[PDB]
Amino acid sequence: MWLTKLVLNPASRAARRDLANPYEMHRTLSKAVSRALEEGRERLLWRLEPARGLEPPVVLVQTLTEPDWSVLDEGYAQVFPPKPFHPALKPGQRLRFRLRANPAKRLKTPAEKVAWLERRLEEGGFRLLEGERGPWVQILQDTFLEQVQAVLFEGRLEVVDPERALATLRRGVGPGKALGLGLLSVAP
């Protein structure tokens, strides 16, 4: 995989348009890997990170092939050097995670949302860690994309099956992958 951190510049009208319409943002990001997507060798996943005041928004982008960000308009965003991402996963390995997702199969609710997450992670080869107060996860944001439900999960998990876990990172979790949902980000 390849991970690219983009710091969008709100001085750019196009950047603001994309920040306000996930569909448009996906269209712009797709340009960096258009041929790969055309040949079915790509799975573009991204996440508009939680906002910090009025500061420039950060968008984390994950692709299977090397992206060409020169396709972006000048001033659209500050492009940080894309980094190869090939995680070394092992059984029992504990990792912190972040995932903005649409809690459903296709495009107590708070407890149902966590329940949905548990099943998706287990099916994907991961497992939510258990704390003294239940599943190690919290809903940082519960909102709608323009209405598609978007839930931001953050917590701790462990790798159960390395191969399935890796496939899950490459594949994404849940629907709305073309709307900035589904990117499972992990870190020690």
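Definition used throughout: the rigid core is the maximal C-alpha set that superposes within 1.5 Å between two forms. Residue numbers here begin at 1 and follow the sequence given.
Root mean square Cα distance to the shown form, taken over structures and residues in 6 other deposited structures of this protein after a core fit, is higher for 108-116 when 108-116 and 89-97 are compared. In a rigid core superposition of the other structures in 6 other deposited structures of this protein, 130-138 and 152-160 differ in how far their CA atoms stray, and the farther one is 130-138. Unmodelled residues of the deposited sequence between neighbouring positions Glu146 and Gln147 number 10 or more.
The stretch of deposited sequence separating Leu107 from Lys108 contains 4 to 9 residues lacking coordinates in this entry.
Annotation for 137-145 versus 122-130: the higher mean temperature factor (C-alpha) is found in 137-145. Of the two segments, 16-24 and 163-171, the one listed with the higher mean B-factor is 16-24 (C-alpha atoms only).
As recorded in the PDB entry, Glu39 shows the highest C-alpha B-factor of the residues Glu154, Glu39, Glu49, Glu158. Taking the deposited Cα B-factors for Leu99, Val71, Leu89, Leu95, the highest one is held by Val71. Compared with the other modelled residues of the chain, the Cα B-factor recorded for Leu60 ranks in the lowest third.
Sort the modelled residues of the chain by CA B factor and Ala150 lands in the middle third.
Sort the modelled residues of the chain by CA B factor and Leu44 lands in the lowest third.
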